[PDB]
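Student: I'd like to ask some things about the structure below.
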Amino acid sequence: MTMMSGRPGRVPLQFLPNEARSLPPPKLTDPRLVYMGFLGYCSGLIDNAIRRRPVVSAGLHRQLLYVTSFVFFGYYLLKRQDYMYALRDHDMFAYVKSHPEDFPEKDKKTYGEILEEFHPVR
Amino acid sequence: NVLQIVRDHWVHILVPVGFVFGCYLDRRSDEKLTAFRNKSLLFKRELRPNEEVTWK
Amino acid sequence: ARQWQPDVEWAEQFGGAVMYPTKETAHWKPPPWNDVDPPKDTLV
Amino acid sequence: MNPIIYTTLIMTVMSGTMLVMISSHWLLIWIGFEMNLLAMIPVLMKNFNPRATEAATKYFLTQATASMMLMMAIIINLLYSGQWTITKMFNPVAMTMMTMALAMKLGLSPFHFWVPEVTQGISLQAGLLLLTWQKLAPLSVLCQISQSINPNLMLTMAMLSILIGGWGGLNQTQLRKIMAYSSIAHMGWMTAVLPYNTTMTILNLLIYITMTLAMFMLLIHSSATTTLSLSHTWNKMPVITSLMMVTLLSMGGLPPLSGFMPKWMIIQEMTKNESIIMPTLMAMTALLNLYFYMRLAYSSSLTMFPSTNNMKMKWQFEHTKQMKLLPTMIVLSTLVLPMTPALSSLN
Amino acid sequence: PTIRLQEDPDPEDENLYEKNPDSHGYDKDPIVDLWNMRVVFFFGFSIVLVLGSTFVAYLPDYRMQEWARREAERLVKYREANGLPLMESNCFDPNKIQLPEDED
Amino acid sequence: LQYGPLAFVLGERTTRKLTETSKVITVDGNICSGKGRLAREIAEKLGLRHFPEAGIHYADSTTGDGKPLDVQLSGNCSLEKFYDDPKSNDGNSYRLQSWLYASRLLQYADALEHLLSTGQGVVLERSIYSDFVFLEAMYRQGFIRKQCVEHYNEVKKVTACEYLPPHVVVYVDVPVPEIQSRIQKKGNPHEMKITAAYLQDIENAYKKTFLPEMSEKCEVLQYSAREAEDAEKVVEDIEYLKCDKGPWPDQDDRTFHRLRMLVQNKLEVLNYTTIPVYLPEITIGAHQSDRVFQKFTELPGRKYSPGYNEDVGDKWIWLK
Amino acid sequence: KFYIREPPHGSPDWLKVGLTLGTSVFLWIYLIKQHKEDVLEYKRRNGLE
Amino acid sequence: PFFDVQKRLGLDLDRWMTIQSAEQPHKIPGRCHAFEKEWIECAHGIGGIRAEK
Amino acid sequence: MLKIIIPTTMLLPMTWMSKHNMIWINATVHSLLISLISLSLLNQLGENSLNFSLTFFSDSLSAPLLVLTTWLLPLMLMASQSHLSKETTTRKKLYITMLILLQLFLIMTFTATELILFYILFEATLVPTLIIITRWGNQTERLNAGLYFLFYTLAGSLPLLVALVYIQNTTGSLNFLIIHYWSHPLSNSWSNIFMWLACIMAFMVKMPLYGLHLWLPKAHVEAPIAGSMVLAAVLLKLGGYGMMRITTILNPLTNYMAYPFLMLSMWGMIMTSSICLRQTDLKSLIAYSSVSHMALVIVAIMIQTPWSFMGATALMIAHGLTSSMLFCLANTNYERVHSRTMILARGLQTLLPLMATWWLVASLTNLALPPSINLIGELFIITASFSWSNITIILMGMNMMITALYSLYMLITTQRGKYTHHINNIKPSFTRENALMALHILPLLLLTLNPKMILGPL
Amino acid sequence: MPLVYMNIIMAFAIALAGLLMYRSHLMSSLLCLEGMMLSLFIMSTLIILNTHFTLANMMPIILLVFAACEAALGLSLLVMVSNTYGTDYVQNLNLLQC
Ligand SMILES: CCCCCCCCCCCCCCCCCC(=O)OC[C@H](COP(=O)([O-])OCC(O)COP(=O)([O-])OC[C@@H](COC(=O)CCCCCCCCCCCCCCCCC)OC(=O)CCCCCCCCCCCCCCCCC)OC(=O)CCCCCCCCCCCCCCCCC
Ligand SMILES: CCCCCCCCCCCCCCCCC[C@@H](O)O[C@H](CO[C@H](O)CCCCCCCCCCCCCCC)COP(=O)(O)OCC[N+](C)(C)C
Ligand SMILES: CCCCCCCCCCCCCCCCC[C@@H](O)O[C@H](CO[C@H](O)CCCCCCCCCCCCCCC)COP(=O)(O)OCC[N+](C)(C)C
Ligand SMILES: CCCCCCCCCCCCCCCCC[C@@H](O)O[C@H](CO[C@H](O)CCCCCCCCCCCCCCC)COP(=O)(O)OCC[N+](C)(C)C
Ligand SMILES: Nc1ncnc2c1ncn2[C@@H]1O[C@H](COP(=O)(O)OP(=O)(O)O)[C@@H](O)[C@H]1O
């Protein structure tokens, strides 16, 4: 099953609709971005190790490019993910609003009027 | 001469620095859960003539 | 005095064409070191 | 083979897959499959020897039968509804034939026998291509026609694929056949969740492709095709064996590694429907794949096997060709679980 | 060769007391050995053990044992003064409870 | 730029650099014969690069610095103790033979790479096609087992089939008594123990297997002891050979491209020398392997890649 | 010390190093600018400031 | 799965041959042109699930 | 509680950046400092837990477990550096990295607020343990041990995962506070029975339950000393902690689903105590001891009373300390004589008096001499079982008789009698080993001085 | 459906069964593949002619083209197999197992 492929108004290969510009962008200190940079740093260290170079000191420009590329991709990935979750919430709330018969708010009962069975432990 | 001493024993600040950073991050996390500060039925209180918040 | 490590007898368990050999597959041979079977003399 | 001709053939393979992925007409999808197969046959025969020829012949026979069944299903669908657009597949007999043809193309059980043989008969680069790129087109078609699928048939084939992959992989000492049985089990996992959520299918496919690329690239870096030849790598380059061990653990699905993420997600999706027994069976069966991965890790990284004298000479030389994407592939194969919610971007 | 493989012989175990009669069993380097002993003894016994025990012994009463004792004292005094029972079998007021209408 | 598919696609072709004097030459002969001097003279006269015979430490001379390493970390075999105790129960004989075959394979790959890269010819003393004679002389004397011969044949079968045999094979024939006289006049106390049966076995292997089978690939130039000092006559005999019968004329750009990709990447050259066949003579236990590898990695210029060893004076590492 | 050329010499490949550093710096500047414009557009659309 | 390259670029690579009611040469009509036209106009824009009923 | 998590993650690069001959010193010093910091978690409330954030919380049940983990890391480091002297620097750093990663996973496991995060960390603890066992174990059986350790665990935990996600589709949350406040009874249906089994069996195999315990002697005998320490002291308590967490949603089904497990626990406690009487390997005896004590803990958790829960908490802490000390004591003799056979080296009191005193104190705490916290936990569990049924005092009573026997048996075999004549390589005890024994034993008696810190939230 | 449609479908099924059941010659199986292609051509042509789908009239020709490609591919492989064994028997393709 595909939930969102046929959602009306969806541009085939956009990756970032204009509506997404109404959402707050992720901060540059977002922990997910920090973890993506950490993944880039680990990639650089593994690159040094495989090539039989000093792991921590061999190429600083290469490691910098690794970290920068991972952060650069992660920013847009996070933007798209947040947009998709916002879309899901928007559609859910609109559907609940447009079908009140399927989502009734029934009368509230307090615990002084609800009979719950008691199971003793012995 | 402190160059050799530093380059031999600079690994001894990593764990204290991590402790301080963890304390700072815990304070930051506490900063995001103030939705009921001075609002519970048990602890709701009138503010003093000076203090701004009941806890940080 | 030292940690045990695999020897030749241990390593030969994985050198066959198959694990858990049976009577049928005991005659299966491992592939050649390079994947080149010797050429047959199928003279025409 | 000329490098120009090899590049042209690889581009034609990719073009056939892309034509399958972008087409709206059933005839163009079938043409994409034909072009992909026609360009793929010589790539499997690049290093000429009898085993490669046998593998190419078996692959051609399987894929040609699958394409004939595909075309017959298309024609039956046209007969009962004059439609060429890839859609809800208005006829059930045609849909059954279509499902069987796509399963035969993918190598799902019980049309699984050709995968270990073709993988063993070709080189490691050809095996990488066959087990990574060749899954995209049939899975794309199956995702497009998922709403008309019969869940009983696909779930039966997926469970059979998982079981057969585990059992067959338990018996192997050749690394290519191990990879082929692992591929069969992972295809079973991919197709088990397809009638419920195609995003989970895409996520599983991406993670499997990343792990398989890392595995094959590590196997090419250390020129090993058997367990015993891989047991020498520790005495030449231990870093490669350690990275291989972690990658094998990830392929086994252990938390907190990335290979745990798809199964987890798939299991959750299956419990959003009722579907309780099948996910439990699937996990308990994936334990077999974990077992033979662990046996490989025992042979190559966690213990030290005896070596040979001539290995000393190999100590004096370095690897000439370097794979630029291997470190990123390893990192994505291992440390990606904390970014799980990003899967929302897949739908 | 009547052998199976070329292997190093299993070596004898080294006694740390031979090269260092007062060796503490931490390292073969005498200075590193001595300082390992010193740091283990200072940070294990002097810091964590004694100071941690003192810190735990004087932990403030967040379990509210003394508060509960004082509250119980006030309650007992009041109830004994007014002649009420010390404790009630009901911990919730029945006027705030609505039983089901029919039991038949 | 490193040679590869990209270099072949645009420009670079091997067939144009061949200028009628490529002519891979090998100069075989028995022990203590003057084949090395003849090879040096041939190389000097024809302007080709001379490769001295590959010894135990041939690989050492081409990696790191050209200085040899300790016998424990390279070779792990001795020719002197092979002469002293050829029937030693520690496997020295076949270990030495296998290491020497691997060294010869490496040298042949180096020579082929040089010839295909520059178009200049090469002159070798012995080759992978000629090493087997010593192995035969080892087996007929009882110095090695039959399983060692089987392993050697397997390795040769999977290795020597990927290269081109030499254009012209030059042989120097010296009788066994003359060889014994030369050895006695030499003075090396380890070579005086060479029995005449060993030399006769080497000569029999040569004259009954190597020359007959090499004569089918190309014509063989045999010279006696007296007509090998006159090197100019040998050279002018080489200069008038009709070389159009072997596999060398059956080579085009794509086969040369494949061979050139193979001759570089010495790891791919040596791939099949360490096949997991567990002969006691060449199998090394895990503990010894670990100790010896740790010892090797601690050599002054060996821990990292060639340009990344700051303990031998490598600068600007943190930008490389 | 090395018997062979070791094509990577004592000095680093300046062209590659410059290209790598320039790519990293350009990507960082582009990311900063894009984040600034994104914040501005979000504030404008939602009318915070 | 399906990358709608044709829709994104407006290319019409193969849509001209998907249905029988779409611009035949010389305006030759299919045997069931009207029925297909009516079904397509009924089912347009409401999705497969609703169109099936 | 990032003030504890971040310093361990900093231990990682501090170890990997240290000078080759300073790794042990730095690791030990900063591990002890982290333990001192974690000591502050013992300040607990009487009503609710310390809810640090949306992700981590501390209860009166998990705080002593965290303190035990952080205290066990330096002891493991001290015990490991003797037999790893010949190792290369990189492999020593890798071993220390495995230990640090295990500590991090355990710390995050004991404080996770959600059940799926708890599951992920509680499975993540598997990898470092398996690597340690199969890479640094001494004998060829370690490989088999590793396999037994892995699948026995996973065959229990894979069903649990399914159940967990199923629960989240039914109630909407796996947060433990929400789960506790919004608790609803479990009806008596086959579906509920299988949900109960899926929720219970993973923790049962972790304890381990008698009949599912075969992995433990193998894994705890074949492991290196630090592996055995962390397996006996902390990793067995994951099952008990998880069971006490998960039982809040299983009532009133437990009322009758506990019978087979209660019978297995009591009878198998008798059985494993009896097995300890005829054991030729000294490490296997300690492993079977752990099995018996954990059977007691299982009974306490299954009967579901406040006294049983307090006893279970106290017993887990006390057993962790005592079993780790016993494993270290056996390892000293093994390093001296290179054999695990108990009757090989005898009369060791004549040669090593202070080590004999350590042996006596460890065996005294094993048999639960009053007023040790071992005895406090055992007595609380026995009293709760007596309330559950008066006949239990029979089986429990028999256990108390057998335990002491085998405990003293062990002592009498190793320390008393006459020394073996041909063993002439028994060197005097090092300062490191005596310090290790003291750092094990002194916290036990200090905790006896203030027992409410290990009695749990009840 | 008319009887002719059932006959063409039966022909396709027969050709598929013939392909799936090998005797000895690879050439016979290739012939069965060609027969399946021919049956598909006939069936599609009959459907397209019956419904007067004008633009679909080019579809069968396209089918034939790729049939030829498939036919060529098979023949090429057969040549190599024969050159290895002196025969085209499927029994000889047994170097690789499961
Ligand atoms: C969860 C929380 C967060 C955790 C994150 C996840 C874990 C960490 C990240 C993982 C990736 C990072 C490292 C990747 C590259 C490492 C590859 C490597 O070989 O390392 C060698 C390298 C040493 O090499 P060298 O210095 O050139 O000289 C020694 C020779 O090379 C001698 O080398 P050799 O090759 O000759 O030696 C042979 C050796 C070589 O083999 C290895 O070294 C194994 C390395 C494998 C890499 C890991 C695989 C891929 C990552 C997946 C990890 C999964 C984690 C999840 C849990 C599951 C565990 C598997 O092989 C063996 O000896 C066989 C041993 C068999 C044991 C098998 C166990 C292997 C798997 C264990 C993995 C555990 C995680 C990583 C451990 C740390 C590794 C350094 O190690 C390092 O020094 C690098 C690590 C430290 C750098 C980071 C420090 C940052 C800067 C300091 C300041 C900190 C800033 C803080 C901010 C505040 C300001 C004050
Ligand atoms: C194991 C780790 C997995 C990593 C996989 C590779 C990661 C690197 C690849 C980078 C992707 C490049 C894409 C960016 C260019 C823009 C292309 C854009 O136009 O495509 C959009 C599509 O967007 C992409 O799908 C998003 C790609 C991002 C994938 C990452 C999710 C992985 C799951 C979470 C694991 C953590 C990942 C960490 C990253 C380092 C169009 O959507 P649409 O045409 O309508 O979809 C067609 C298919 N449908 C309709 C059936 C759905
Ligand atoms: C070698 C020679 C040995 C023999 C010679 C010894 C000489 C004499 C020394 C022996 C002293 C005898 C002990 C007698 C007890 C006196 C001290 C006692 O009174 O203090 C207790 C206090 O003890 C501490 O509370 C217990 C210590 C805490 C234990 C934590 C250990 C540190 C952590 C180490 C690692 C953790 C590993 C275990 C994980 C769970 C009482 O607490 P409390 O009744 O309230 O006090 C009420 C008043 N307050 C509250 C205001 C203070
Ligand atoms: C080696 C140690 C491994 C770990 C040990 C795990 C222990 C698991 C044991 C499970 C305990 C009980 C499970 C289910 C509770 C009752 C079981 C049954 O015997 O009781 C009767 C059940 O009646 C009959 O016995 C029907 C069940 C018979 C079929 C079950 C197969 C048991 C045979 C033994 C197979 C061994 C299983 C373990 C394999 C290792 C009760 O009658 P009834 O009131 O109607 O059923 C209650 C449920 N209702 C209310 C929904 C209807
Ligand atoms: N494959 C081999 N096996 C054993 N010994 C060899 C081998 N190749 C060369 N040698 C030894 O090298 C020594 C001298 O080599 P040779 O080329 O024959 O003499 P020269 O140095 O005068 O040219 C001889 O003692 C010979 O035994």
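In the structure tokens, chains take letters A, B, ... by order of appearance, with residues numbered from 1 within each chain and ligands from 1 in the order shown.
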Quick one: everything within 7 Å of residue 10 of chain G, counting only C-alpha atoms, minus sequence neighbours fewer than 2 positions away in the same chain. Send it as an mmCIF file with C-alpha atoms, in the first residue's frame.

Tutor:
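Full text of around33.cif as output:
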data_model
loop_
_atom_site.group_PDB
_atom_site.id
_atom_site.type_symbol
_atom_site.label_atom_id
_atom_site.label_comp_id
_atom_site.auth_asym_id
_atom_site.auth_seq_id
_atom_site.Cartn_x
_atom_site.Cartn_y
_atom_site.Cartn_z
ATOM 1 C CA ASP F 314 57.711 12.169 5.409
ATOM 2 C CA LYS F 315 56.416 15.742 5.569
ATOM 3 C CA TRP F 316 53.050 17.416 4.957
ATOM 4 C CA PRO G 8 52.667 11.283 -3.755
ATOM 5 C CA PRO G 12 50.956 17.454 -1.074
#

Student: Could you list, as a ChimeraX atom specification, every residue of chain C that has an atom within 8 Å of an atom of chain I, counting only C-alpha atoms?

Tutor: /C:1-5

Student: With only C-alpha atoms and all ligand atoms counted, collect every polymer residue having an atom within 7 Å of ligand 2; state the result as a ChimeraX atom specification.

Tutor: /A:5,12-15,36,70,74,77 /D:203,206-207,210,258,332-333,336-337,339-343,345-347 /H:1-4

Student: Would you mind exporting the chosen residues as a PDB file, in the first residue's frame, restricted to N, CA and C atoms?

Tutor:
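Saved file out.pdb follows:
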ATOM      1  N   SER A   5       1.423   8.656  -2.382  1.00  0.00           N
ATOM      2  CA  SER A   5       1.811   8.844  -3.778  1.00  0.00           C
ATOM      3  C   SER A   5       0.754   9.616  -4.553  1.00  0.00           C
ATOM      4  N   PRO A  12       5.663  15.390  -9.163  1.00  0.00           N
ATOM      5  CA  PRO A  12       6.344  14.087  -9.183  1.00  0.00           C
ATOM      6  C   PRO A  12       7.701  14.022  -8.493  1.00  0.00           C
ATOM      7  N   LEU A  13       8.677  14.825  -8.915  1.00  0.00           N
ATOM      8  CA  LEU A  13      10.040  14.638  -8.426  1.00  0.00           C
ATOM      9  C   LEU A  13      10.599  15.897  -7.768  1.00  0.00           C
ATOM     10  N   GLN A  14       9.817  16.527  -6.890  1.00  0.00           N
ATOM     11  CA  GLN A  14      10.179  17.846  -6.374  1.00  0.00           C
ATOM     12  C   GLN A  14      11.178  17.766  -5.223  1.00  0.00           C
ATOM     13  N   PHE A  15      10.943  16.855  -4.276  1.00  0.00           N
ATOM     14  CA  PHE A  15      11.722  16.649  -3.053  1.00  0.00           C
ATOM     15  C   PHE A  15      11.484  17.735  -2.007  1.00  0.00           C
ATOM     16  N   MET A  36      24.726  13.383  12.005  1.00  0.00           N
ATOM     17  CA  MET A  36      25.132  13.220  10.610  1.00  0.00           C
ATOM     18  C   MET A  36      26.585  13.642  10.403  1.00  0.00           C
ATOM     19  N   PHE A  70      28.215  15.264   4.684  1.00  0.00           N
ATOM     20  CA  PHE A  70      27.187  14.603   5.480  1.00  0.00           C
ATOM     21  C   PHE A  70      26.228  15.615   6.095  1.00  0.00           C
ATOM     22  N   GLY A  74      22.269  16.024   5.283  1.00  0.00           N
ATOM     23  CA  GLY A  74      21.384  15.819   6.412  1.00  0.00           C
ATOM     24  C   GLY A  74      20.418  16.962   6.635  1.00  0.00           C
ATOM     25  N   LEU A  77      17.605  16.454   4.171  1.00  0.00           N
ATOM     26  CA  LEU A  77      16.875  15.254   4.572  1.00  0.00           C
ATOM     27  C   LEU A  77      15.948  15.545   5.747  1.00  0.00           C
TER      28      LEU A  77
ATOM     29  N   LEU D 203      12.452   0.878   2.047  1.00  0.00           N
ATOM     30  CA  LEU D 203      13.442   1.027   3.111  1.00  0.00           C
ATOM     31  C   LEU D 203      14.286  -0.234   3.261  1.00  0.00           C
ATOM     32  N   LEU D 206      16.703  -0.494   0.322  1.00  0.00           N
ATOM     33  CA  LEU D 206      17.837   0.422   0.410  1.00  0.00           C
ATOM     34  C   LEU D 206      18.868  -0.068   1.420  1.00  0.00           C
ATOM     35  N   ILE D 207      18.411  -0.495   2.601  1.00  0.00           N
ATOM     36  CA  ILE D 207      19.352  -0.958   3.618  1.00  0.00           C
ATOM     37  C   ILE D 207      20.060  -2.228   3.158  1.00  0.00           C
ATOM     38  N   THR D 210      22.716  -1.296   0.576  1.00  0.00           N
ATOM     39  CA  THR D 210      23.900  -0.713   1.202  1.00  0.00           C
ATOM     40  C   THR D 210      24.774  -1.790   1.840  1.00  0.00           C
ATOM     41  N   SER D 258      22.375  -1.035  11.983  1.00  0.00           N
ATOM     42  CA  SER D 258      21.376  -0.554  11.034  1.00  0.00           C
ATOM     43  C   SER D 258      20.535  -1.686  10.458  1.00  0.00           C
ATOM     44  N   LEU D 332      27.168   3.560   6.588  1.00  0.00           N
ATOM     45  CA  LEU D 332      25.726   3.465   6.393  1.00  0.00           C
ATOM     46  C   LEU D 332      25.209   2.066   6.697  1.00  0.00           C
ATOM     47  N   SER D 333      26.057   1.047   6.543  1.00  0.00           N
ATOM     48  CA  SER D 333      25.647  -0.309   6.870  1.00  0.00           C
ATOM     49  C   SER D 333      25.593  -0.535   8.372  1.00  0.00           C
ATOM     50  N   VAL D 336      23.398   3.631  11.425  1.00  0.00           N
ATOM     51  CA  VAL D 336      22.327   4.449  10.865  1.00  0.00           C
ATOM     52  C   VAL D 336      21.022   4.347  11.647  1.00  0.00           C
ATOM     53  N   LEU D 337      20.934   3.443  12.624  1.00  0.00           N
ATOM     54  CA  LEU D 337      19.695   3.272  13.381  1.00  0.00           C
ATOM     55  C   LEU D 337      19.158   4.553  14.022  1.00  0.00           C
ATOM     56  N   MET D 339      18.907   7.464  13.049  1.00  0.00           N
ATOM     57  CA  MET D 339      18.203   8.277  12.069  1.00  0.00           C
ATOM     58  C   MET D 339      17.007   7.556  11.457  1.00  0.00           C
ATOM     59  N   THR D 340      16.419   6.603  12.182  1.00  0.00           N
ATOM     60  CA  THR D 340      15.285   5.847  11.654  1.00  0.00           C
ATOM     61  C   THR D 340      14.098   6.699  11.201  1.00  0.00           C
ATOM     62  N   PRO D 341      13.651   7.735  11.925  1.00  0.00           N
ATOM     63  CA  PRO D 341      12.447   8.468  11.483  1.00  0.00           C
ATOM     64  C   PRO D 341      12.571   9.108  10.106  1.00  0.00           C
ATOM     65  N   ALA D 342      13.788   9.343   9.613  1.00  0.00           N
ATOM     66  CA  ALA D 342      13.984   9.874   8.269  1.00  0.00           C
ATOM     67  C   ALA D 342      13.332   9.019   7.190  1.00  0.00           C
ATOM     68  N   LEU D 343      12.912   7.792   7.512  1.00  0.00           N
ATOM     69  CA  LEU D 343      12.174   6.971   6.563  1.00  0.00           C
ATOM     70  C   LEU D 343      10.888   7.638   6.101  1.00  0.00           C
ATOM     71  N   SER D 345      10.716  10.377   4.747  1.00  0.00           N
ATOM     72  CA  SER D 345      11.032  10.987   3.463  1.00  0.00           C
ATOM     73  C   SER D 345      10.903  10.015   2.299  1.00  0.00           C
ATOM     74  N   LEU D 346      10.763   8.716   2.568  1.00  0.00           N
ATOM     75  CA  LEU D 346      10.657   7.738   1.493  1.00  0.00           C
ATOM     76  C   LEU D 346       9.280   7.728   0.844  1.00  0.00           C
ATOM     77  N   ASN D 347       8.230   8.061   1.586  1.00  0.00           N
ATOM     78  CA  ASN D 347       6.889   8.067   1.011  1.00  0.00           C
ATOM     79  C   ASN D 347       6.542   9.431   0.427  1.00  0.00           C
TER      80      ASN D 347
ATOM     81  N   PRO H   1      10.070   3.412  -7.640  1.00  0.00           N
ATOM     82  CA  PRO H   1       9.017   2.582  -8.229  1.00  0.00           C
ATOM     83  C   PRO H   1       8.493   3.149  -9.540  1.00  0.00           C
ATOM     84  N   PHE H   2       7.655   4.172  -9.452  1.00  0.00           N
ATOM     85  CA  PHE H   2       7.258   4.964 -10.606  1.00  0.00           C
ATOM     86  C   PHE H   2       7.782   6.374 -10.376  1.00  0.00           C
ATOM     87  N   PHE H   3       8.745   6.784 -11.191  1.00  0.00           N
ATOM     88  CA  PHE H   3       9.183   8.171 -11.254  1.00  0.00           C
ATOM     89  C   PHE H   3       8.479   8.803 -12.447  1.00  0.00           C
ATOM     90  N   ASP H   4       7.528   9.696 -12.173  1.00  0.00           N
ATOM     91  CA  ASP H   4       6.696  10.281 -13.224  1.00  0.00           C
ATOM     92  C   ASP H   4       7.485  11.372 -13.948  1.00  0.00           C
TER      93      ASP H   4
END

Student: Contacts of residue 100 of chain I at 9 Å or less, counting only C-alpha atoms, minus same-chain residues fewer than 3 places along, as a JSON list (two decimals) with N, CA and C atoms, in the first residue's frame?

Tutor:
[["chain", "number", "residue", "atom", "x", "y", "z"],
["I", 8, "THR", "N", 31.35, 8.71, 30.07],
["I", 8, "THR", "CA", 31.75, 7.40, 29.54],
["I", 8, "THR", "C", 32.09, 7.49, 28.05],
["I", 9, "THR", "N", 31.23, 8.17, 27.29],
["I", 9, "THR", "CA", 31.54, 8.42, 25.89],
["I", 9, "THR", "C", 32.86, 9.16, 25.75],
["I", 11, "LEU", "N", 35.35, 8.65, 28.00],
["I", 11, "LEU", "CA", 36.31, 7.59, 28.27],
["I", 11, "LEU", "C", 36.77, 6.95, 26.98],
["I", 12, "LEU", "N", 35.86, 6.82, 26.02],
["I", 12, "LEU", "CA", 36.22, 6.18, 24.74],
["I", 12, "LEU", "C", 37.42, 6.85, 24.05],
["I", 73, "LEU", "N", 33.02, -1.42, 36.60],
["I", 73, "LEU", "CA", 33.97, -1.16, 35.52],
["I", 73, "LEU", "C", 35.43, -1.05, 35.99],
["I", 95, "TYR", "N", 39.83, -3.96, 23.73],
["I", 95, "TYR", "CA", 39.22, -4.62, 24.88],
["I", 95, "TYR", "C", 38.60, -3.59, 25.83],
["I", 96, "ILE", "N", 39.35, -2.52, 26.12],
["I", 96, "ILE", "CA", 38.82, -1.48, 26.99],
["I", 96, "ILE", "C", 37.62, -0.80, 26.35],
["I", 97, "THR", "N", 37.65, -0.65, 25.02],
["I", 97, "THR", "CA", 36.51, -0.08, 24.30],
["I", 97, "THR", "C", 35.27, -0.96, 24.45],
["I", 103, "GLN", "N", 29.36, -0.78, 29.45],
["I", 103, "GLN", "CA", 28.89, 0.08, 30.53],
["I", 103, "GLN", "C", 27.89, 1.11, 30.02],
["I", 104, "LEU", "N", 28.17, 1.72, 28.87],
["I", 104, "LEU", "CA", 27.26, 2.72, 28.31],
["I", 104, "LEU", "C", 25.89, 2.11, 28.01],
["I", 105, "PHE", "N", 25.88, 0.93, 27.39],
["I", 105, "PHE", "CA", 24.62, 0.28, 27.07],
["I", 105, "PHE", "C", 23.84, -0.07, 28.33]]

Student: At a cut-off of 6 Å and counting only C-alpha atoms and all ligand atoms, what residues surround ligand 5? Please answer as a ChimeraX atom specification.

Tutor: /F:30-36,97,100,131,134

Student: Those residues with C-alpha atoms, as an mmCIF file, in the first residue's frame please?

Tutor:
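Listed below is the output, out_32.cif:
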data_model
loop_
_atom_site.group_PDB
_atom_site.id
_atom_site.type_symbol
_atom_site.label_atom_id
_atom_site.label_comp_id
_atom_site.auth_asym_id
_atom_site.auth_seq_id
_atom_site.Cartn_x
_atom_site.Cartn_y
_atom_site.Cartn_z
ATOM 1 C CA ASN F 30 73.029 -24.912 -15.111
ATOM 2 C CA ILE F 31 74.667 -24.024 -11.787
ATOM 3 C CA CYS F 32 77.908 -21.982 -11.916
ATOM 4 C CA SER F 33 77.649 -21.498 -15.687
ATOM 5 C CA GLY F 34 78.398 -18.009 -16.950
ATOM 6 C CA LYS F 35 74.840 -17.182 -17.982
ATOM 7 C CA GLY F 36 74.718 -13.947 -15.980
ATOM 8 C CA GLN F 97 61.688 -23.444 -3.676
ATOM 9 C CA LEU F 100 61.948 -18.545 -5.108
ATOM 10 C CA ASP F 131 62.240 -22.744 -12.127
ATOM 11 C CA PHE F 134 65.285 -27.228 -9.619
#

Student: Would you list which chain B residues are within 9 Å of chain I using only C-alpha atoms, as a list in words?

Tutor: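 So the residues of chain B near chain I are residues 8, 9, 11, 12, 13, 14, 15, 16, 17, 18, 19, 20, 21, 22, 23, 24, 25, 26, 29, 30 and 33 of chain B.
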